[PDB]
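Asker: One structure coming up, written as structure tokens, with questions to follow.
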Amino acid sequence: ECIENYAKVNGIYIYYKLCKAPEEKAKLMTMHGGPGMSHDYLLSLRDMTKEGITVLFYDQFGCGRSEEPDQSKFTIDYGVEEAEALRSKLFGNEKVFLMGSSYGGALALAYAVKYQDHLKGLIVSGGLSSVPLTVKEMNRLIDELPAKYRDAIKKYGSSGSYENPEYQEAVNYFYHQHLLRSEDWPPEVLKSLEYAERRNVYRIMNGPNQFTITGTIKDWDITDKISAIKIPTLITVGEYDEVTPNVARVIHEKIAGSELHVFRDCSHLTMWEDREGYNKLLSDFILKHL
Ligand SMILES: N[C@@H](Cc1ccccc1)C(=O)O
């Protein structure tokens with residue numbers, strides 16, 4: 001199994017899980033989405049160890065098993081230093097690959113913008129360089145939703161009545177349409193969702209739900225900066241991704257040399273909807289840039 005540990009990182013105790021590859025060829029660091037989720041829903045990327053790729057999972061500040069730091073530290077810039085601190089505290093001066101999903105991708109970009117010198121490659125799956133853009137795009141998704149659920153999200157949404165069952169059905173439908181297109185959501189995914197609903201980070205940095213981004217990052221946007229990323233970048237996105245491929249396009253358009261792969265018939269959690277295709281894509285990318 002993977003080697004887990006609860007070591008002090010950048011001041012606070014963080015939880016990380018290192019899964020070493022039998023014949024290691026590259027170290028891949030992962031950043032879960034949210035803010036407030038956990039590494040749990042990214043475990044599917046573990047398969048890559050079978051491809052000589054060591055994968056490092058870890059719960060960010062206030063997430064999963066890691067401890068919650070002062071609320072003044074609930075920032076993307078903070079997560080970056082946390083990541084760097086973890087990357088050096090575990091691998092030292094070794095250049096690794098960084099992957100980020102959803103908010104984790106945005107975080108991955110932020111990190112890459114400052115610490116790309118420590119990276120051999122950047123992977124952004126369903127990530128974003130601008131929240132407003134992401135919001136401008138999710139609103140469109142809600143409008144394209146069958147009125148039944150659209151009116152509900154818009155009705156109880158303005159009254160902050162997220163507890164209402166009618167609003168729930170809509171949030172459920174939307175999720176099964178742009179978050180994970182499948183009947184049986186895997187435990188790992190439900191665990192990460194459960195975690196975000198039990199900790200504070202999600203409520204403070206993101207907001208009520210997946211498309212109600214009213215938290216402290218509602219205005220985050222580093223699009224006019226990501227252009228500085230010169231390292232090999234692989235940007236993926238699902239056809240029906242809640243963080244639309246158009247949002248991915250913006251990242252691709254800036255990062256020169258970057259690749260943009262849209263997973264057809266996939267949504268946000270493409271690592272589960274197409275675990276084999278998704279993993280093969282990432283592993284092939286990494287190995288081609290050792
Ligand atoms: N909270 C969702 C989508 C999202 C991420 C980041 C910002 C806004 C929305 C996720 O990470 O799966």
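By order in the structure tokens, chains are A, B, ...; within a chain, residues start at 1; ligands start at 1, following the order shown.
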So which residues touch residue 122 of chain A within 7 Å, counting only C-alpha atoms, skipping near sequence neighbours fewer than 2 positions away, as a PDB file with N, CA and C atoms, in the first residue's frame?
Answerer:
```
ATOM      1  N   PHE A  97       6.140  16.621 -11.143  1.00  0.00           N
ATOM      2  CA  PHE A  97       5.007  16.981 -12.000  1.00  0.00           C
ATOM      3  C   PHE A  97       3.860  17.399 -11.077  1.00  0.00           C
ATOM      4  N   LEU A  98       3.151  18.454 -11.455  1.00  0.00           N
ATOM      5  CA  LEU A  98       2.048  18.930 -10.631  1.00  0.00           C
ATOM      6  C   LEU A  98       0.740  18.792 -11.371  1.00  0.00           C
ATOM      7  N   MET A  99      -0.240  18.159 -10.733  1.00  0.00           N
ATOM      8  CA  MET A  99      -1.567  17.985 -11.319  1.00  0.00           C
ATOM      9  C   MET A  99      -2.597  18.632 -10.412  1.00  0.00           C
ATOM     10  N   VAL A 124      -3.512  20.265 -15.751  1.00  0.00           N
ATOM     11  CA  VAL A 124      -4.670  20.953 -15.188  1.00  0.00           C
ATOM     12  C   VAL A 124      -5.931  20.285 -15.676  1.00  0.00           C
ATOM     13  N   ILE A 231       6.767  25.641 -18.835  1.00  0.00           N
ATOM     14  CA  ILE A 231       6.900  24.190 -18.724  1.00  0.00           C
ATOM     15  C   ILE A 231       5.818  23.437 -19.503  1.00  0.00           C
ATOM     16  N   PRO A 232       6.071  22.149 -19.814  1.00  0.00           N
ATOM     17  CA  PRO A 232       5.087  21.349 -20.550  1.00  0.00           C
ATOM     18  C   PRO A 232       3.768  21.320 -19.772  1.00  0.00           C
ATOM     19  N   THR A 233       2.674  21.693 -20.425  1.00  0.00           N
ATOM     20  CA  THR A 233       1.386  21.705 -19.758  1.00  0.00           C
ATOM     21  C   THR A 233       0.325  20.895 -20.492  1.00  0.00           C
ATOM     22  N   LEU A 234      -0.386  20.061 -19.742  1.00  0.00           N
ATOM     23  CA  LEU A 234      -1.462  19.246 -20.287  1.00  0.00           C
ATOM     24  C   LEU A 234      -2.778  19.726 -19.654  1.00  0.00           C
TER      25      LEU A 234
END
```
Asker: Within 12 Å of residue 275 of chain A, counting only C-alpha atoms, which residues show up once you throw out same-chain ones fewer than 3 positions away? Write them as a ChimeraX atom specification, please.
Answerer: /A:41-48,186,263,266,269-272,278-283
Asker: Write a file of the selected residues as a short mmCIF file (atom, residue, chain, number, x, y, z; two decimals), in the first residue's frame, keeping C-alpha atoms.
Answerer:
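Saved as again11.cif:
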```
data_model
loop_
_atom_site.label_atom_id
_atom_site.label_comp_id
_atom_site.auth_asym_id
_atom_site.auth_seq_id
_atom_site.Cartn_x
_atom_site.Cartn_y
_atom_site.Cartn_z
CA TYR A 41 -11.51 11.64 -5.00
CA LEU A 42 -8.18 11.73 -6.82
CA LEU A 43 -7.02 8.29 -5.69
CA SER A 44 -8.05 6.83 -9.05
CA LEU A 45 -4.81 8.42 -10.32
CA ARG A 46 -3.07 5.78 -8.25
CA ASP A 47 -3.12 3.44 -11.25
CA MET A 48 -0.27 5.49 -12.66
CA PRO A 186 -17.56 6.02 -6.15
CA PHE A 263 -12.81 14.18 -22.92
CA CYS A 266 -17.16 13.11 -19.73
CA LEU A 269 -14.55 14.10 -12.56
CA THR A 270 -13.20 12.64 -15.78
CA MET A 271 -10.69 10.56 -13.80
CA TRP A 272 -13.62 8.38 -12.79
CA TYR A 278 -7.77 9.74 -18.32
CA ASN A 279 -4.89 7.97 -16.60
CA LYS A 280 -3.28 6.90 -19.88
CA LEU A 281 -3.40 10.49 -21.11
CA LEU A 282 -1.68 11.85 -17.99
CA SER A 283 0.90 9.08 -17.73
#
```
Asker: Taking only C-alpha atoms and all ligand atoms into account, report as a VMD selection string which residues have an atom no farther than 10 Å from an atom of ligand 1.
Answerer: chain A and resid 32 to 38 41 101 to 107 126 to 128 130 to 132 134 to 135 138 175 178 to 180 189 192 to 193 196 202 205 to 215 217 to 218 220 241 to 243 268 to 269
Asker: Check the DSSP output for the backbone and give back, as a ChimeraX atom specification, the residues of segment 173-237 of chain A in helix (DSSP H, G or I).
Answerer: /A:173-178,187-196,201-206,226-228
Asker: Now that the selection is made, can you save its residues with N, CA, C and O atoms as a tab-separated table (two decimals), in the first residue's frame?
Answerer:
```
chain	number	residue	atom	x	y	z
A	173	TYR	N	-29.42	16.84	-9.98
A	173	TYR	CA	-29.45	16.66	-11.43
A	173	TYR	C	-28.21	17.29	-12.05
A	173	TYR	O	-27.43	16.61	-12.73
A	174	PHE	N	-28.03	18.58	-11.81
A	174	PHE	CA	-26.89	19.30	-12.35
A	174	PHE	C	-25.60	18.55	-12.10
A	174	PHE	O	-24.78	18.40	-13.00
A	175	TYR	N	-25.41	18.06	-10.87
A	175	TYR	CA	-24.20	17.31	-10.51
A	175	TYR	C	-24.04	16.05	-11.37
A	175	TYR	O	-22.96	15.76	-11.89
A	176	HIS	N	-25.13	15.30	-11.52
A	176	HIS	CA	-25.12	14.08	-12.31
A	176	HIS	C	-25.03	14.40	-13.79
A	176	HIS	O	-25.06	13.52	-14.63
A	177	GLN	N	-24.88	15.68	-14.09
A	177	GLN	CA	-24.79	16.11	-15.48
A	177	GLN	C	-23.44	16.77	-15.81
A	177	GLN	O	-22.92	16.60	-16.91
A	178	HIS	N	-22.89	17.49	-14.84
A	178	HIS	CA	-21.64	18.21	-15.05
A	178	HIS	C	-20.54	17.90	-14.03
A	178	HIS	O	-19.40	18.34	-14.19
A	187	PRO	N	-17.07	5.69	-3.78
A	187	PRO	CA	-16.91	6.13	-2.39
A	187	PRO	C	-15.95	7.31	-2.31
A	187	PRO	O	-16.31	8.35	-1.78
A	188	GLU	N	-14.75	7.15	-2.86
A	188	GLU	CA	-13.72	8.18	-2.83
A	188	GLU	C	-14.25	9.57	-3.15
A	188	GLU	O	-13.84	10.56	-2.53
A	189	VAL	N	-15.16	9.63	-4.11
A	189	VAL	CA	-15.78	10.88	-4.51
A	189	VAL	C	-16.73	11.36	-3.41
A	189	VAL	O	-16.70	12.53	-3.04
A	190	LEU	N	-17.55	10.45	-2.87
A	190	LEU	CA	-18.51	10.81	-1.83
A	190	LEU	C	-17.81	11.20	-0.56
A	190	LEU	O	-18.32	12.02	0.21
A	191	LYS	N	-16.64	10.62	-0.32
A	191	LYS	CA	-15.85	10.91	0.87
A	191	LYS	C	-15.34	12.34	0.79
A	191	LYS	O	-15.37	13.06	1.78
A	192	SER	N	-14.86	12.73	-0.39
A	192	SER	CA	-14.33	14.08	-0.57
A	192	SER	C	-15.42	15.11	-0.46
A	192	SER	O	-15.19	16.22	0.05
A	193	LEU	N	-16.62	14.76	-0.93
A	193	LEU	CA	-17.77	15.65	-0.87
A	193	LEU	C	-18.24	15.75	0.57
A	193	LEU	O	-18.62	16.82	1.05
A	194	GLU	N	-18.21	14.63	1.27
A	194	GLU	CA	-18.62	14.61	2.67
A	194	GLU	C	-17.67	15.49	3.49
A	194	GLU	O	-18.12	16.26	4.33
A	195	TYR	N	-16.37	15.34	3.25
A	195	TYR	CA	-15.34	16.11	3.94
A	195	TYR	C	-15.56	17.62	3.78
A	195	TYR	O	-15.50	18.37	4.75
A	196	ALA	N	-15.80	18.05	2.54
A	196	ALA	CA	-15.99	19.47	2.26
A	196	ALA	C	-17.21	20.02	2.97
A	196	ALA	O	-17.31	21.22	3.20
A	201	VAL	N	-13.21	25.26	5.27
A	201	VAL	CA	-12.65	25.79	4.03
A	201	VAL	C	-13.68	25.97	2.91
A	201	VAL	O	-13.79	27.05	2.34
A	202	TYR	N	-14.42	24.92	2.58
A	202	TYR	CA	-15.41	25.00	1.50
A	202	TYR	C	-16.38	26.18	1.69
A	202	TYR	O	-16.52	27.03	0.80
A	203	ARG	N	-17.04	26.21	2.84
A	203	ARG	CA	-17.99	27.25	3.19
A	203	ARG	C	-17.41	28.66	3.14
A	203	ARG	O	-18.09	29.61	2.77
A	204	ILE	N	-16.14	28.79	3.52
A	204	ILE	CA	-15.49	30.09	3.53
A	204	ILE	C	-14.80	30.52	2.23
A	204	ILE	O	-14.85	31.69	1.86
A	205	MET	N	-14.17	29.58	1.52
A	205	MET	CA	-13.48	29.92	0.29
A	205	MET	C	-14.31	29.75	-0.96
A	205	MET	O	-14.18	30.53	-1.89
A	206	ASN	N	-15.15	28.72	-1.00
A	206	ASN	CA	-15.96	28.47	-2.19
A	206	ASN	C	-17.37	29.03	-2.05
A	206	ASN	O	-17.69	30.07	-2.61
A	226	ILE	N	-0.70	33.58	-16.12
A	226	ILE	CA	-0.37	32.20	-16.46
A	226	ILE	C	0.48	32.03	-17.72
A	226	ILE	O	1.10	30.97	-17.92
A	227	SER	N	0.52	33.08	-18.53
A	227	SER	CA	1.30	33.11	-19.78
A	227	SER	C	2.78	32.88	-19.48
A	227	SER	O	3.53	32.46	-20.34
A	228	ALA	N	3.17	33.16	-18.24
A	228	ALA	CA	4.54	33.00	-17.77
A	228	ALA	C	4.96	31.52	-17.67
A	228	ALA	O	6.15	31.20	-17.58
```
Asker: A:65, A:252, A:155, A:288: which is nearest residue 25 of chain A, counting only C-alpha atoms?
Answerer: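 Going through A:65, A:252, A:155, A:288 one by one, the smallest distance to residue 25 of chain A is for A:288.
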Asker: Leaving out residue 81 of chain A and any residue of its chain fewer than 6 positions from it, which residues lie within 10 Å of it when counting only C-alpha atoms, given as a list in words?
Answerer: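 Here the qualifying residues turn out to be residues 9, 10, 87, 111, 114 and 115 of chain A.
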Asker: Those same residues, written as a compact mmCIF listing (two decimals), in the first residue's frame with N, CA, C and O atoms?
Answerer:
```txt
# COMPACT_ATOMS: atom_id res chain seq x y z
N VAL A 9 3.76 20.61 8.25
CA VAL A 9 4.18 21.23 7.01
C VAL A 9 3.81 22.70 6.93
O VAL A 9 2.63 23.07 7.01
N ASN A 10 4.81 23.55 6.77
CA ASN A 10 4.60 24.98 6.68
C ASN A 10 3.87 25.54 7.89
O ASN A 10 3.10 26.51 7.79
N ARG A 87 6.38 19.78 -1.04
CA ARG A 87 7.21 19.24 -2.12
C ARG A 87 8.70 19.19 -1.75
O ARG A 87 9.44 18.30 -2.20
N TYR A 111 0.59 28.00 -8.37
CA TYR A 111 1.87 27.46 -7.94
C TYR A 111 2.84 27.53 -9.11
O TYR A 111 3.95 28.05 -8.99
N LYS A 114 4.56 30.72 -9.87
CA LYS A 114 5.63 31.13 -8.98
C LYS A 114 6.76 30.10 -8.81
O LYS A 114 7.94 30.47 -8.72
N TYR A 115 6.41 28.82 -8.79
CA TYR A 115 7.39 27.77 -8.58
C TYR A 115 7.52 26.77 -9.73
O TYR A 115 7.74 25.58 -9.51
```
Asker: Just the residues within 12 Å of residue 7 of chain A, please, counting only C-alpha atoms, with nothing from its chain fewer than 2 positions along; format it as a PyMOL selection string.
Answerer: chain A and resi 4-5+9-17+58-59+65-67+85-86+89-90
Asker: Take the residues just selected and output them with N, CA, C and O atoms as an mmCIF file, in the first residue's frame.
Answerer:
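Okay, this is what ended up in again32.cif:
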```
data_model
loop_
_atom_site.group_PDB
_atom_site.id
_atom_site.type_symbol
_atom_site.label_atom_id
_atom_site.label_comp_id
_atom_site.auth_asym_id
_atom_site.auth_seq_id
_atom_site.Cartn_x
_atom_site.Cartn_y
_atom_site.Cartn_z
ATOM 1 N N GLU A 4 1.463 6.519 4.252
ATOM 2 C CA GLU A 4 0.760 7.683 4.771
ATOM 3 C C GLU A 4 1.499 8.304 5.956
ATOM 4 O O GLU A 4 2.297 7.640 6.612
ATOM 5 N N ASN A 5 1.239 9.575 6.241
ATOM 6 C CA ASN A 5 1.887 10.216 7.376
ATOM 7 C C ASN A 5 1.191 11.524 7.737
ATOM 8 O O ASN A 5 0.527 12.131 6.902
ATOM 9 N N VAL A 9 3.764 20.611 8.254
ATOM 10 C CA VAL A 9 4.183 21.228 7.006
ATOM 11 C C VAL A 9 3.808 22.699 6.930
ATOM 12 O O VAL A 9 2.632 23.067 7.009
ATOM 13 N N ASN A 10 4.814 23.546 6.771
ATOM 14 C CA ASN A 10 4.601 24.981 6.676
ATOM 15 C C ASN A 10 3.865 25.543 7.894
ATOM 16 O O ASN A 10 3.099 26.513 7.794
ATOM 17 N N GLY A 11 4.109 24.929 9.051
ATOM 18 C CA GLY A 11 3.479 25.385 10.277
ATOM 19 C C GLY A 11 2.389 24.487 10.843
ATOM 20 O O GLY A 11 2.378 24.228 12.043
ATOM 21 N N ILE A 12 1.473 24.023 9.997
ATOM 22 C CA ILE A 12 0.380 23.180 10.465
ATOM 23 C C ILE A 12 0.532 21.727 10.018
ATOM 24 O O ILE A 12 1.168 21.436 9.005
ATOM 25 N N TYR A 13 -0.052 20.814 10.785
ATOM 26 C CA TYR A 13 0.006 19.404 10.450
ATOM 27 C C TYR A 13 -0.887 19.065 9.269
ATOM 28 O O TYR A 13 -2.109 19.244 9.324
ATOM 29 N N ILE A 14 -0.260 18.574 8.202
ATOM 30 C CA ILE A 14 -0.956 18.164 6.982
ATOM 31 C C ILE A 14 -0.945 16.639 6.824
ATOM 32 O O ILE A 14 -0.075 15.950 7.347
ATOM 33 N N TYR A 15 -1.930 16.110 6.117
ATOM 34 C CA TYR A 15 -2.012 14.674 5.885
ATOM 35 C C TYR A 15 -1.618 14.419 4.442
ATOM 36 O O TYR A 15 -2.175 15.040 3.538
ATOM 37 N N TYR A 16 -0.653 13.531 4.217
ATOM 38 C CA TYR A 16 -0.246 13.201 2.848
ATOM 39 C C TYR A 16 -0.095 11.699 2.676
ATOM 40 O O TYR A 16 0.181 10.982 3.636
ATOM 41 N N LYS A 17 -0.293 11.225 1.451
ATOM 42 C CA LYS A 17 -0.187 9.804 1.144
ATOM 43 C C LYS A 17 0.671 9.605 -0.099
ATOM 44 O O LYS A 17 0.251 9.924 -1.207
ATOM 45 N N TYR A 58 -2.534 14.473 -0.913
ATOM 46 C CA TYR A 58 -2.488 15.181 0.365
ATOM 47 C C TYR A 58 -3.686 16.100 0.568
ATOM 48 O O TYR A 58 -4.215 16.657 -0.390
ATOM 49 N N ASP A 59 -4.136 16.235 1.810
ATOM 50 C CA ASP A 59 -5.278 17.096 2.105
ATOM 51 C C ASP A 59 -4.752 18.506 2.358
ATOM 52 O O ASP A 59 -3.862 18.710 3.179
ATOM 53 N N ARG A 65 -8.163 15.215 6.477
ATOM 54 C CA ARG A 65 -7.554 14.885 7.755
ATOM 55 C C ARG A 65 -6.587 15.924 8.284
ATOM 56 O O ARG A 65 -6.283 15.932 9.469
ATOM 57 N N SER A 66 -6.096 16.786 7.404
ATOM 58 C CA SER A 66 -5.171 17.835 7.802
ATOM 59 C C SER A 66 -5.848 18.852 8.719
ATOM 60 O O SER A 66 -7.067 19.023 8.668
ATOM 61 N N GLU A 67 -5.058 19.539 9.544
ATOM 62 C CA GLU A 67 -5.624 20.507 10.472
ATOM 63 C C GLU A 67 -5.914 21.843 9.799
ATOM 64 O O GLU A 67 -5.310 22.184 8.786
ATOM 65 N N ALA A 85 6.190 23.781 0.341
ATOM 66 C CA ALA A 85 6.733 23.311 1.608
ATOM 67 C C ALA A 85 6.655 21.775 1.692
ATOM 68 O O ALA A 85 7.551 21.109 2.221
ATOM 69 N N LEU A 86 5.575 21.223 1.159
ATOM 70 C CA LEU A 86 5.362 19.796 1.165
ATOM 71 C C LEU A 86 6.252 19.142 0.125
ATOM 72 O O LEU A 86 6.819 18.082 0.373
ATOM 73 N N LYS A 89 9.757 19.303 1.595
ATOM 74 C CA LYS A 89 9.868 18.541 2.824
ATOM 75 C C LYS A 89 9.849 17.045 2.541
ATOM 76 O O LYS A 89 10.279 16.246 3.373
ATOM 77 N N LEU A 90 9.368 16.660 1.364
ATOM 78 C CA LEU A 90 9.300 15.252 1.014
ATOM 79 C C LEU A 90 10.289 14.839 -0.058
ATOM 80 O O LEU A 90 10.869 13.757 0.025
#
```
Asker: Just the residues within 8 Å of residue 28 of chain A, please, counting only C-alpha atoms, with nothing from its chain fewer than 2 positions along; format it as a ChimeraX atom specification.
Answerer: /A:26,30,53-56,96-99
Asker: Could you please take those selected residues and save N, CA, C and O atoms as a PDB file, in the first residue's frame?
Answerer:
```pdb
ATOM      1  N   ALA A  26       9.049   8.965 -12.436  1.00  0.00           N
ATOM      2  CA  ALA A  26       8.658  10.362 -12.219  1.00  0.00           C
ATOM      3  C   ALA A  26       7.765  10.538 -10.995  1.00  0.00           C
ATOM      4  O   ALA A  26       6.981   9.655 -10.656  1.00  0.00           O
ATOM      5  N   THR A  30      -0.324  15.797  -6.532  1.00  0.00           N
ATOM      6  CA  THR A  30      -1.705  16.126  -6.868  1.00  0.00           C
ATOM      7  C   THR A  30      -2.321  17.161  -5.931  1.00  0.00           C
ATOM      8  O   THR A  30      -1.938  17.261  -4.767  1.00  0.00           O
ATOM      9  N   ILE A  53       5.147   5.804 -12.242  1.00  0.00           N
ATOM     10  CA  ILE A  53       4.879   7.164 -11.792  1.00  0.00           C
ATOM     11  C   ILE A  53       4.405   7.188 -10.344  1.00  0.00           C
ATOM     12  O   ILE A  53       3.311   6.707 -10.032  1.00  0.00           O
ATOM     13  N   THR A  54       5.245   7.743  -9.471  1.00  0.00           N
ATOM     14  CA  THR A  54       4.929   7.869  -8.058  1.00  0.00           C
ATOM     15  C   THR A  54       3.932   9.017  -7.896  1.00  0.00           C
ATOM     16  O   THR A  54       4.132  10.102  -8.445  1.00  0.00           O
ATOM     17  N   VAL A  55       2.860   8.771  -7.146  1.00  0.00           N
ATOM     18  CA  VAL A  55       1.832   9.778  -6.926  1.00  0.00           C
ATOM     19  C   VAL A  55       1.709  10.198  -5.455  1.00  0.00           C
ATOM     20  O   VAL A  55       1.542   9.368  -4.559  1.00  0.00           O
ATOM     21  N   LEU A  56       1.801  11.502  -5.224  1.00  0.00           N
ATOM     22  CA  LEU A  56       1.685  12.071  -3.892  1.00  0.00           C
ATOM     23  C   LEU A  56       0.316  12.722  -3.672  1.00  0.00           C
ATOM     24  O   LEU A  56      -0.030  13.709  -4.327  1.00  0.00           O
ATOM     25  N   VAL A  96       9.329  17.813  -9.786  1.00  0.00           N
ATOM     26  CA  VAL A  96       8.221  16.894  -9.971  1.00  0.00           C
ATOM     27  C   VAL A  96       7.177  17.430 -10.928  1.00  0.00           C
ATOM     28  O   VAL A  96       7.321  18.525 -11.471  1.00  0.00           O
ATOM     29  N   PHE A  97       6.140  16.621 -11.143  1.00  0.00           N
ATOM     30  CA  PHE A  97       5.007  16.981 -12.000  1.00  0.00           C
ATOM     31  C   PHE A  97       3.860  17.399 -11.077  1.00  0.00           C
ATOM     32  O   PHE A  97       3.625  16.781 -10.036  1.00  0.00           O
ATOM     33  N   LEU A  98       3.151  18.454 -11.455  1.00  0.00           N
ATOM     34  CA  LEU A  98       2.048  18.930 -10.631  1.00  0.00           C
ATOM     35  C   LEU A  98       0.740  18.792 -11.371  1.00  0.00           C
ATOM     36  O   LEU A  98       0.622  19.247 -12.501  1.00  0.00           O
ATOM     37  N   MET A  99      -0.240  18.159 -10.733  1.00  0.00           N
ATOM     38  CA  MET A  99      -1.567  17.985 -11.319  1.00  0.00           C
ATOM     39  C   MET A  99      -2.597  18.632 -10.412  1.00  0.00           C
ATOM     40  O   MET A  99      -2.487  18.550  -9.192  1.00  0.00           O
TER      41      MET A  99
END
```
Asker: To one decimal place, how far is atom CA of residue 224 of chain A from atom CA of residue 110 of chain A in Å?
Answerer: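 Taking atom CA of residue 224 of chain A and atom CA of residue 110 of chain A, their separation equals 11.6 Å.
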Asker: Take atom CA of residue 142 of chain A and atom CA of residue 258 of chain A and report the distance between them in Å, one decimal.
Answerer: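 According to the coordinates, atom CA of residue 142 of chain A and atom CA of residue 258 of chain A are separated by 29.5 Å.
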Asker: Just checking: using only C-alpha atoms, which residue out of A:52, A:1, A:216, A:222 ends up closest to residue 287 of chain A?
Answerer: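 Checking each of A:52, A:1, A:216, A:222 against residue 287 of chain A, counting only C-alpha atoms, the winner is A:52.
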Asker: Select from segment 13-61 of chain A everything DSSP, run on the backbone, classes as strand (DSSP E), then give the selection as a PDB file with C-alpha atoms, in the first residue's frame.
Answerer:
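states_21.pdb was written with the following content:
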```
ATOM      1  CA  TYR A  13       0.006  19.404  10.450  1.00  0.00           C
ATOM      2  CA  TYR A  15      -2.012  14.674   5.885  1.00  0.00           C
ATOM      3  CA  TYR A  16      -0.246  13.201   2.848  1.00  0.00           C
ATOM      4  CA  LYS A  17      -0.187   9.804   1.144  1.00  0.00           C
ATOM      5  CA  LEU A  18       2.800   8.847  -1.024  1.00  0.00           C
ATOM      6  CA  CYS A  19       2.300   5.918  -3.408  1.00  0.00           C
ATOM      7  CA  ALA A  26       8.658  10.362 -12.219  1.00  0.00           C
ATOM      8  CA  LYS A  27       7.084  11.981  -9.153  1.00  0.00           C
ATOM      9  CA  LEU A  28       3.565  13.370  -9.554  1.00  0.00           C
ATOM     10  CA  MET A  29       2.093  15.731  -6.974  1.00  0.00           C
ATOM     11  CA  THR A  30      -1.705  16.126  -6.868  1.00  0.00           C
ATOM     12  CA  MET A  31      -3.983  18.966  -5.682  1.00  0.00           C
ATOM     13  CA  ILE A  53       4.879   7.164 -11.792  1.00  0.00           C
ATOM     14  CA  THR A  54       4.929   7.869  -8.058  1.00  0.00           C
ATOM     15  CA  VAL A  55       1.832   9.778  -6.926  1.00  0.00           C
ATOM     16  CA  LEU A  56       1.685  12.071  -3.892  1.00  0.00           C
ATOM     17  CA  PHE A  57      -1.779  12.718  -2.448  1.00  0.00           C
ATOM     18  CA  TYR A  58      -2.488  15.181   0.365  1.00  0.00           C
ATOM     19  CA  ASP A  59      -5.278  17.096   2.105  1.00  0.00           C
TER      20      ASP A  59
END
```
Asker: Ranking A:140, A:154, A:261, A:198 by minimum distance to residue 239 of chain A and counting only C-alpha atoms, which one comes first?
Answerer: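 Smallest separation from residue 239 of chain A among the options: A:261.
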Asker: Just give me the gap between atom CA of residue 262 of chain A and atom CA of residue 183 of chain A in Å, one decimal is fine.
Answerer: 21.9 Å
